[PDB]
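First comes one chain, alone, set out as structure tokens in the form solved without this ligand.
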């Protein structure tokens, strides 16, 4: 409602890549945040191949995001809903998705930015931020359903946030290699099966985003995990992250931690700013 922004305040710089509804652009937004003359933004658009239904759904999803104020979830900044084209204006995440970011710190990487792979301190900070954002989503009664490094984003200051590979199935496409065994079985998704996928994200973080279950076909992964298999620990993985993975990969979903529980385990070794920005420490959790 008060989220409307004049189309004329958005300038578009360059393509960021295809999103679910259309091309996402990097841009600038004039006078969109009090105290900032100009804000780097991501700008979501919808293909002209969209049905009227998809255009209406594109805007309805932005409406849902108006209810979200969490430092560790990529936030909506504004909507262009009057006239066409329509634009959903998001916080810019200048280091892109977490999978591409991880692969770029591999020693072999052509786009290596000349810094070493993540430290233990950096990996625990990442884990806490992702879990804090997921805890927020869960309090808002949303099951993510698709947690994976590809759907986590990295900010200019390297904060990780929840953003917004697949086999066909009876209810839609399934991210088989990130799915809990009970989801492979009946196709139900819960915060507990989200906690499974969180463990896979920690595995991607500690493997610099190798492909989970490489060398296994989608059909074999589905049987391996349903039987009780799980990923092997990457070489020289810190014990502390290995212990998180083991919690996440309990076969019984009832024995997995909650996202608030993850942040509690990690809270004492975080950047000093974390209690200032986290959902965990906020009065919305107290």
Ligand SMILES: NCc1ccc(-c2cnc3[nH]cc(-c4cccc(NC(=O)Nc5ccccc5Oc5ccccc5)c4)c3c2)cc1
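Numbering follows the first chain given and starts at 1.
Where residue 164 is followed by residue 165 in the displayed chain, the model omits 10 or more of the deposited residues that sit between the two. The mean Cα B-factor in the deposited entry runs higher for 183-191 than for the other of 183-191 and 130-138. Look at the C-alpha B-factors of 153-161 and of 77-85. On average they run higher in 77-85.
In the PDB entry, the Cα temperature factor peaks, among 42, 59, 245, 50, at 50.
The PDB entry gives the largest Cα B-factor of the residues 122, 146, 91, 110 to 110.
The entry lists a Cα temperature factor for residue 223 that places it in the highest third of the chain's modelled residues. When the modelled residues of the chain are ordered by C-alpha B-factor, residue 100 sits in the middle third.
Per the PDB record, residue ranking by Cα B-factor puts residue 201 in the lowest third of the chain.
Per-chain ranking of the deposited C-alpha B factor places residue 69 in the middle third. Placement of the Cα temperature factor of residue 46 within the chain: highest third of the modelled residues, per the deposited record.
The same protein also exists as the form solved in complex with this ligand; that form is not shown, yet it is the one meant from here on.
Steric access to the site is blocked in the shown form: after superposition of the site C-alphas, this ligand as positioned in the deposited complex has three or more atoms within 2.4 Å of backbone or C-beta atoms. The shortest heavy atom separation between residue 38 and this ligand in the deposited complex exceeds 4.5 Å. This ligand in the deposited complex comes within 4.5 Å of a heavy atom belonging to residue 64. The shortest heavy atom separation between residue 187 and this ligand in the deposited complex exceeds 4.5 Å. Though the partner is left out of this view, residue 158 does not reach within 4.5 Å of this ligand in the deposited complex, counting heavy atoms only. Interface residue among 128, 80, 176, 74 relative to this ligand in the deposited complex, by the heavy atom within 4.5 Å criterion: 74. In short, of 217-225, 28-36, 253-261, 56-64 it is 56-64 that has heavy atoms within 4.5 Å of this ligand in the deposited complex.
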